[PDB]
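Data first, discussion second: the structure below is written as structure tokens.
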Amino acid sequence: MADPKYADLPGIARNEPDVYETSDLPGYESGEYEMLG
Amino acid sequence: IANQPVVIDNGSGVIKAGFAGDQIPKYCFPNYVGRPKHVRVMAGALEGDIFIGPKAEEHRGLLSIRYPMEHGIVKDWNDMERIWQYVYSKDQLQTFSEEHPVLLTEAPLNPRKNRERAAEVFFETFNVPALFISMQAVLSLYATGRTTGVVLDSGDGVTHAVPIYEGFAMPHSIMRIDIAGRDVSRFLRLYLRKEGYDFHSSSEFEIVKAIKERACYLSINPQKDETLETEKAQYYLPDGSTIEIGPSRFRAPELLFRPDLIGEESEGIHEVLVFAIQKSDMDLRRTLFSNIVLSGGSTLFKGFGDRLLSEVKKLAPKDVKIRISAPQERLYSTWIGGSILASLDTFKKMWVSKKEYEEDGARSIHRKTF
Amino acid sequence: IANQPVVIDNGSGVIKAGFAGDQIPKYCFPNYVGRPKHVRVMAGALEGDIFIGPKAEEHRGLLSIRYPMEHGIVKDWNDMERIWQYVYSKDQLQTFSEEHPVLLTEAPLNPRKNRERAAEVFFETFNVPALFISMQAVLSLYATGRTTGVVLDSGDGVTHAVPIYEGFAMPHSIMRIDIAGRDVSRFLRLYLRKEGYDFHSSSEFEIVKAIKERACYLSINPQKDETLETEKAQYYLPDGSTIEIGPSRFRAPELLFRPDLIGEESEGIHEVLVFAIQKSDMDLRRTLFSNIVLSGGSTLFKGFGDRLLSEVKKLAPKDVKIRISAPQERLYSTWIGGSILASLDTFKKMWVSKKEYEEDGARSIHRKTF
Amino acid sequence: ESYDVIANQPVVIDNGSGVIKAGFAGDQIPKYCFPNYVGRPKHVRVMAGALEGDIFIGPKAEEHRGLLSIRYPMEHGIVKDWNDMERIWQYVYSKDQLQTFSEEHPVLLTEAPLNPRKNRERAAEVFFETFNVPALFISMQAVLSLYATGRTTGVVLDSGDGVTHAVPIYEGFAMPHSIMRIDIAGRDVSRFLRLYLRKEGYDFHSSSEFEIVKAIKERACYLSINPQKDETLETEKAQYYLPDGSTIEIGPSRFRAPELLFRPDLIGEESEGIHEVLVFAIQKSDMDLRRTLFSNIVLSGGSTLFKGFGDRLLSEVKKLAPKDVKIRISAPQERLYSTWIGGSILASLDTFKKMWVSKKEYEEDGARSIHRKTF
Ligand SMILES: Nc1ncnc2c1ncn2[C@@H]1O[C@H](COP(=O)(O)OP(=O)(O)O)[C@@H](O)[C@H]1O
Ligand SMILES: Nc1ncnc2c1ncn2[C@@H]1O[C@H](COP(=O)(O)OP(=O)(O)O)[C@@H](O)[C@H]1O
Ligand SMILES: Nc1ncnc2c1ncn2[C@@H]1O[C@H](COP(=O)(O)OP(=O)(O)O)[C@@H](O)[C@H]1O
């Protein structure tokens, strides 16, 4: 984080969300094939 | 003398590796090398210029896929040797190649120079105790538990039918055709481009291969399903986009039964099976019709059995009983055979020792194979 | 000499300079030269015809502001050289340029002659031990500590999006647009003239820049606020006079999403981000939407995240998860990245030595740029 | 029955991605050639007696280009915007071009090979439903070029603005499995050149300015016999004069931009090079024909007009081709108009009377009618 170190700087964004994200929403065949004469 | 021999099925599509006695191959990975196409700029990136198996499956988009072996013939030996080096890596098996003997399963009617070069690698690079090369067809029957029977093995690389009597393969009745699973995937790609879905990249062709395996049906009547309007079933691509496959689903896999579609003047897979039996002596034909075994990956298409049985009836003689046996584990029939053969005490006499190879050379593997 | 390398973030608005190992840039000053327009009559006046940084900030009214660099391209090298001379002055850092190595951070897809001339100065004028030019996007990844991620850096000079996967930068997927923070301030000024507030002077335009940074919000629905006509927010000028900004507050910054407003036939910032991802291979597209990193000063507008996320969702595929990560230190992320890269032991191999430059010349820095 | 609407002189329409070439069967040259894009005015009309209409096509859009925003309706020989393409086909029968009734004259359209079936299917519906045309015949680009040259046998390497493809045809027999087409074409080279001009420091953001980049490409771009030799050496920067009067120094971008045709890896597309496409298409054919196909090579399309194209292609083909094989590359002087002249000859031939599909047959069988009796 290092907030007291970046705190000296004028252009540090605060009171904003860090991440903007979208809402979370929600057998082979056998053998035995035969035919008689 | 050793602890336990390692069975390695050198399949065109996927390499199946495990120990003799194992019920299933523990380590199965695709038989291709993936190299990163994009430039590395940032530190702590993916290390190495070579990715094989699950590492290449996860980061497929980054890599350029090159298959070292086509129609069961190794074009690039440097890549093929590196893949066999990966077989003994920490990911797969994780054992010493000098400690365990090896059983390799090669396609029928291959050149002798392939077996000679293959043998050199495992005795020189890997200093293997003993090497035994085995046929794909004979092992498939050992797994099924039948001594006599015709093996229709339609693989990723090549399709072949071997009539085998009491464990002996009739060298004159063997019929092999270059057309295989890889040709259906390329042949499907031609229909997807005409429908308006482009997959130019080698990484994109692996999605077409996944689409081919997922959505393809073998129509009982070709013309009937061609004339009827399809539902145009949608498939979800990795990115999230949906494609409508439509008539291309069942029109692509027809190539196996009609080689005229790609323009190759060969017999259909159903003609191969019947023709191979008709070449054999009159006394066995009836037994060979009674004992038909299906193998290979391209047999897994839905309705393959019902379509093949109908096609065999047209080509087969009248008043002949046709019994086609398809094991549930079609893909693993060749490997399971190798596991059984390796477990038999006779296997100690069958394989070629490193010492015998050094003495006679290429002759050693030709004498105790043929 | 193996002293701490000096990181210089060559921003169009403000130059951020410090030594490798420092958490924050100790010395940040505006990137313009101020020359006195008024006549000196009295003795004991401000000495010098050139004022840079805090001396120009305090006596702004006396000075005429001229920006040497526009859209990340140096128009006047004489002025920029005096500013780079000021970086080594008694006010900022106060060190010898021949003792410390230099790390420069340039924008992507800059002219070849711009980088070439900049390098000549640091090898000829300044006898620097070694020089390494780095990308703005790659340094942002060191800062965040992620190898994979799309870096949408919207600066004062230029806006660009560079998609990088596991430390691999796709050079064909980079999208750069001239429209940036400085152009929005000029576009805002046009609305103040329509309201009846004149700011002709270069010193007065800096007040319009201060108004832009103070009072501007990006509305989720543009048309709603245009039709609504909300209460005109009052701003207090340096002298004490009050101006009513009114609808110009939120209508001016819209330019980022609608370039048609200024009349430039370019893509919007939300289109640039999505289009740059859509250019990537199918496998990576989903991951790149999942890993989006915002940087640059022009992202600091209130409701930027909410507006961009909505616009990206409209263009992006359906049912794909979009997670946009914006560091609180957006402005200072690029510099601290340069500090990390310079701190790495590997960096000694990365830079070009003064001797290496003298031998091969411009060719050396042209090869070892990426 | 005798004086039907079928006995009118058929109109040939070459559906080119870059330029549409229109004329009557029997005409020596295409009389009406205009660019294949729609121009709409971006600026606002304030004063009376201004340029009337929101749509400008051909010479009206060429003269007032700065005013208009250019949008191409067709990309890689596939119609992206059908509404715009219909307005262009309506303009083909306007008072400016041809000036005839679409229901009176039959039409011959020339589409690229290996196009989508829905693209051709939708195009046909327009010419049967919107335009009450007597008869429509879709023809291949390759076969028409051979009618023009007057050769039954020959490999047609047609590198157009939209797509590049090679069709090997032997004694009037087209091998449908040997046809190879790649999306990379003249229009993509202009975008690739634009990237080099920005690196030199010349910006052309506007759609109207992109037409100047195309004009720069056509004027100053040469295909070097050795790429790397000219890449490593610093060449003399040739100066180009812009419409306004300003001068730009183009420099090494001249030969670095057009290389894309032989090296698709430059734009990042993992496709075959133009020299590989030609040789690979021949190598797919039977042994008996391979030698004849190398002996009979025909160049077509606009993208062959680059300086040293012939010398570079021959060198690249020779490296890939078998040793001691005779390679004869045939280039007609009228490369651009070779496809159209073919359509004029084919339509004029008596045999054509059986080839075209009637409106009645289309209404009965539908899409089946136009999908049959083609290729
Ligand atoms: N479910 C499936 N349906 C259809 N074809 C399949 C299916 N699964 C795999 N295949 C095909 O079978 C191939 C696998 O064959 P493979 O196991 O390599 O055989 P062998 O090793 O004996 O040559 C795949 O590459 C694919 O082409
Ligand atoms: N709070 C703010 N709200 C909106 N815009 C801001 C804010 N703070 C700074 N800016 C804009 O961002 C710019 C800073 O750009 P910067 O990131 O320093 O440029 P560069 O990328 O060239 O280093 C300022 O000049 C101003 O236009
Ligand atoms: N002299 C030239 N040198 C290089 N390229 C050219 C030249 N003249 C035209 N071209 C390119 O060729 C294109 C013309 O292609 P064209 O033959 O009309 O193809 P199609 O008819 O398939 O659309 C132009 O748009 C341009 O890109």
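Following the order of the structure tokens, first chain is A, next is B, and so on, with residues numbered from 1 inside each chain and ligands from 1 in the order they appear.
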- Can you check the Cα RMSD once chain C has been least-squares fitted onto chain B over every paired atom, in order?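 Chain B versus chain C: RMSD of 0.7 Å.
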Counting only C-alpha atoms, what are the residues of chain A within 7 Å of segment 318-327 of chain B, and for each of them which pair of atoms is the nearest and at what distance in Å, to one decimal? Sort the table by chain and rising number, as a Markdown table.
```
| residue | atom | partner | partner_atom | distance |
| --- | --- | --- | --- | --- |
| A:30 | CA | B:326 | CA | 6.3 |
| A:31 | CA | B:326 | CA | 4.0 |
| A:32 | CA | B:325 | CA | 5.0 |
| A:33 | CA | B:324 | CA | 4.9 |
| A:34 | CA | B:323 | CA | 4.3 |
| A:35 | CA | B:322 | CA | 5.4 |
| A:36 | CA | B:321 | CA | 4.5 |
| A:37 | CA | B:319 | CA | 3.6 |
```
Would you put the residues from that selection into a file with C-alpha atoms, as a short mmCIF file (atom, residue, chain, number, x, y, z; two decimals), in the first residue's frame?
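Saved as selection.cif:
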```cif
data_model
loop_
_atom_site.label_atom_id
_atom_site.label_comp_id
_atom_site.auth_asym_id
_atom_site.auth_seq_id
_atom_site.Cartn_x
_atom_site.Cartn_y
_atom_site.Cartn_z
CA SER A 30 -21.04 -49.50 -27.44
CA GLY A 31 -20.40 -52.33 -29.96
CA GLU A 32 -22.24 -55.58 -30.80
CA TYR A 33 -23.32 -54.51 -34.31
CA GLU A 34 -24.61 -57.68 -36.04
CA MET A 35 -26.78 -58.81 -38.96
CA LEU A 36 -27.66 -62.39 -40.09
CA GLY A 37 -27.05 -64.00 -43.52
#
```
- Item | All alpha helix (DSSP H) positions in segment 24-184 of chain D, as a PyMOL selection string | chain D and resi 59-63+82-92+117-129+141-149
Write out as JSON lines a residue-level contact list of chain B versus ligand 1 with cut-off 10 Å: for each qualifying residue the closest pair of atoms and the distance in Å to one decimal, counting only C-alpha atoms and all ligand atoms, rows sorted by chain and residue number upward.
```
{"residue": "B:9", "atom": "CA", "partner": "ligand 1", "partner_atom_place_in_ligand_line": "21 (O)", "distance": 6.9}
{"residue": "B:10", "atom": "CA", "partner": "ligand 1", "partner_atom_place_in_ligand_line": "21 (O)", "distance": 6.5}
{"residue": "B:11", "atom": "CA", "partner": "ligand 1", "partner_atom_place_in_ligand_line": "21 (O)", "distance": 3.1}
{"residue": "B:12", "atom": "CA", "partner": "ligand 1", "partner_atom_place_in_ligand_line": "18 (O)", "distance": 4.8}
{"residue": "B:13", "atom": "CA", "partner": "ligand 1", "partner_atom_place_in_ligand_line": "18 (O)", "distance": 3.4}
{"residue": "B:14", "atom": "CA", "partner": "ligand 1", "partner_atom_place_in_ligand_line": "18 (O)", "distance": 4.8}
{"residue": "B:15", "atom": "CA", "partner": "ligand 1", "partner_atom_place_in_ligand_line": "21 (O)", "distance": 7.0}
{"residue": "B:16", "atom": "CA", "partner": "ligand 1", "partner_atom_place_in_ligand_line": "21 (O)", "distance": 8.0}
{"residue": "B:28", "atom": "CA", "partner": "ligand 1", "partner_atom_place_in_ligand_line": "17 (O)", "distance": 9.6}
{"residue": "B:30", "atom": "CA", "partner": "ligand 1", "partner_atom_place_in_ligand_line": "18 (O)", "distance": 8.3}
{"residue": "B:31", "atom": "CA", "partner": "ligand 1", "partner_atom_place_in_ligand_line": "18 (O)", "distance": 8.3}
{"residue": "B:71", "atom": "CA", "partner": "ligand 1", "partner_atom_place_in_ligand_line": "23 (O)", "distance": 8.7}
{"residue": "B:72", "atom": "CA", "partner": "ligand 1", "partner_atom_place_in_ligand_line": "23 (O)", "distance": 7.7}
{"residue": "B:105", "atom": "CA", "partner": "ligand 1", "partner_atom_place_in_ligand_line": "21 (O)", "distance": 9.1}
{"residue": "B:106", "atom": "CA", "partner": "ligand 1", "partner_atom_place_in_ligand_line": "22 (O)", "distance": 9.2}
{"residue": "B:107", "atom": "CA", "partner": "ligand 1", "partner_atom_place_in_ligand_line": "23 (O)", "distance": 8.0}
{"residue": "B:136", "atom": "CA", "partner": "ligand 1", "partner_atom_place_in_ligand_line": "22 (O)", "distance": 7.3}
{"residue": "B:137", "atom": "CA", "partner": "ligand 1", "partner_atom_place_in_ligand_line": "22 (O)", "distance": 9.5}
{"residue": "B:140", "atom": "CA", "partner": "ligand 1", "partner_atom_place_in_ligand_line": "22 (O)", "distance": 9.7}
{"residue": "B:153", "atom": "CA", "partner": "ligand 1", "partner_atom_place_in_ligand_line": "22 (O)", "distance": 7.0}
{"residue": "B:154", "atom": "CA", "partner": "ligand 1", "partner_atom_place_in_ligand_line": "22 (O)", "distance": 7.2}
{"residue": "B:155", "atom": "CA", "partner": "ligand 1", "partner_atom_place_in_ligand_line": "23 (O)", "distance": 3.8}
{"residue": "B:156", "atom": "CA", "partner": "ligand 1", "partner_atom_place_in_ligand_line": "15 (O)", "distance": 4.3}
{"residue": "B:157", "atom": "CA", "partner": "ligand 1", "partner_atom_place_in_ligand_line": "23 (O)", "distance": 5.6}
{"residue": "B:158", "atom": "CA", "partner": "ligand 1", "partner_atom_place_in_ligand_line": "23 (O)", "distance": 6.8}
{"residue": "B:159", "atom": "CA", "partner": "ligand 1", "partner_atom_place_in_ligand_line": "23 (O)", "distance": 8.3}
{"residue": "B:180", "atom": "CA", "partner": "ligand 1", "partner_atom_place_in_ligand_line": "27 (O)", "distance": 7.5}
{"residue": "B:181", "atom": "CA", "partner": "ligand 1", "partner_atom_place_in_ligand_line": "27 (O)", "distance": 3.8}
{"residue": "B:182", "atom": "CA", "partner": "ligand 1", "partner_atom_place_in_ligand_line": "27 (O)", "distance": 5.5}
{"residue": "B:183", "atom": "CA", "partner": "ligand 1", "partner_atom_place_in_ligand_line": "27 (O)", "distance": 8.4}
{"residue": "B:184", "atom": "CA", "partner": "ligand 1", "partner_atom_place_in_ligand_line": "27 (O)", "distance": 7.5}
{"residue": "B:185", "atom": "CA", "partner": "ligand 1", "partner_atom_place_in_ligand_line": "27 (O)", "distance": 7.0}
{"residue": "B:206", "atom": "CA", "partner": "ligand 1", "partner_atom_place_in_ligand_line": "25 (O)", "distance": 9.9}
{"residue": "B:209", "atom": "CA", "partner": "ligand 1", "partner_atom_place_in_ligand_line": "27 (O)", "distance": 6.9}
{"residue": "B:210", "atom": "CA", "partner": "ligand 1", "partner_atom_place_in_ligand_line": "26 (C)", "distance": 8.4}
{"residue": "B:211", "atom": "CA", "partner": "ligand 1", "partner_atom_place_in_ligand_line": "3 (N)", "distance": 9.7}
{"residue": "B:212", "atom": "CA", "partner": "ligand 1", "partner_atom_place_in_ligand_line": "4 (C)", "distance": 6.9}
{"residue": "B:213", "atom": "CA", "partner": "ligand 1", "partner_atom_place_in_ligand_line": "3 (N)", "distance": 4.2}
{"residue": "B:214", "atom": "CA", "partner": "ligand 1", "partner_atom_place_in_ligand_line": "1 (N)", "distance": 6.5}
{"residue": "B:215", "atom": "CA", "partner": "ligand 1", "partner_atom_place_in_ligand_line": "3 (N)", "distance": 8.3}
{"residue": "B:216", "atom": "CA", "partner": "ligand 1", "partner_atom_place_in_ligand_line": "4 (C)", "distance": 7.4}
{"residue": "B:217", "atom": "CA", "partner": "ligand 1", "partner_atom_place_in_ligand_line": "3 (N)", "distance": 9.1}
{"residue": "B:253", "atom": "CA", "partner": "ligand 1", "partner_atom_place_in_ligand_line": "4 (C)", "distance": 9.0}
{"residue": "B:295", "atom": "CA", "partner": "ligand 1", "partner_atom_place_in_ligand_line": "22 (O)", "distance": 7.7}
{"residue": "B:296", "atom": "CA", "partner": "ligand 1", "partner_atom_place_in_ligand_line": "22 (O)", "distance": 5.0}
{"residue": "B:297", "atom": "CA", "partner": "ligand 1", "partner_atom_place_in_ligand_line": "12 (O)", "distance": 3.3}
{"residue": "B:298", "atom": "CA", "partner": "ligand 1", "partner_atom_place_in_ligand_line": "5 (N)", "distance": 4.4}
{"residue": "B:299", "atom": "CA", "partner": "ligand 1", "partner_atom_place_in_ligand_line": "4 (C)", "distance": 6.7}
{"residue": "B:300", "atom": "CA", "partner": "ligand 1", "partner_atom_place_in_ligand_line": "3 (N)", "distance": 4.5}
{"residue": "B:301", "atom": "CA", "partner": "ligand 1", "partner_atom_place_in_ligand_line": "3 (N)", "distance": 4.7}
{"residue": "B:302", "atom": "CA", "partner": "ligand 1", "partner_atom_place_in_ligand_line": "3 (N)", "distance": 7.6}
{"residue": "B:304", "atom": "CA", "partner": "ligand 1", "partner_atom_place_in_ligand_line": "4 (C)", "distance": 9.8}
{"residue": "B:330", "atom": "CA", "partner": "ligand 1", "partner_atom_place_in_ligand_line": "17 (O)", "distance": 8.7}
{"residue": "B:331", "atom": "CA", "partner": "ligand 1", "partner_atom_place_in_ligand_line": "17 (O)", "distance": 5.2}
{"residue": "B:332", "atom": "CA", "partner": "ligand 1", "partner_atom_place_in_ligand_line": "17 (O)", "distance": 7.7}
{"residue": "B:333", "atom": "CA", "partner": "ligand 1", "partner_atom_place_in_ligand_line": "22 (O)", "distance": 8.8}
{"residue": "B:334", "atom": "CA", "partner": "ligand 1", "partner_atom_place_in_ligand_line": "22 (O)", "distance": 7.1}
{"residue": "B:335", "atom": "CA", "partner": "ligand 1", "partner_atom_place_in_ligand_line": "22 (O)", "distance": 9.2}
```
- Task: Could you pull out the residues sitting within 8 Å of ligand 3, using only C-alpha atoms and all ligand atoms, and write them as a PyMOL selection string?
- Result: chain D and resi 14-20+77+112+158-163+185-187+189-190+214+217-219+221+300-307+335-337+339
- Give the residues of chain B that lie within 8 Å of chain C; count only C-alpha atoms, and format the answer as a list in words.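 Every residue meeting the condition is included here: residues 38, 39, 40, 41, 42, 43, 44, 45, 46, 60, 61, 204, 238, 239, 240 and 241 of chain B.
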- Please, which residues of chain C lie no more than 8 Å from chain D when the count uses only C-alpha atoms, and can they be set out as JSON, numbers by chain? {"C": [109, 110, 111, 112, 113, 172, 264, 265, 266]}
Output C-alpha atoms of each residue in that selection to a file, as an mmCIF file, in the first residue's frame.
```cif
data_model
loop_
_atom_site.group_PDB
_atom_site.id
_atom_site.type_symbol
_atom_site.label_atom_id
_atom_site.label_comp_id
_atom_site.auth_asym_id
_atom_site.auth_seq_id
_atom_site.Cartn_x
_atom_site.Cartn_y
_atom_site.Cartn_z
ATOM 1 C CA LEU C 109 4.589 4.140 -31.839
ATOM 2 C CA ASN C 110 6.663 7.417 -31.631
ATOM 3 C CA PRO C 111 8.701 8.673 -34.648
ATOM 4 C CA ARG C 112 12.183 7.035 -35.112
ATOM 5 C CA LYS C 113 13.958 10.479 -35.429
ATOM 6 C CA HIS C 172 0.280 -5.317 -34.008
ATOM 7 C CA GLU C 264 -11.668 14.314 -35.787
ATOM 8 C CA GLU C 265 -12.689 11.026 -37.576
ATOM 9 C CA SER C 266 -10.993 8.805 -34.887
#
```
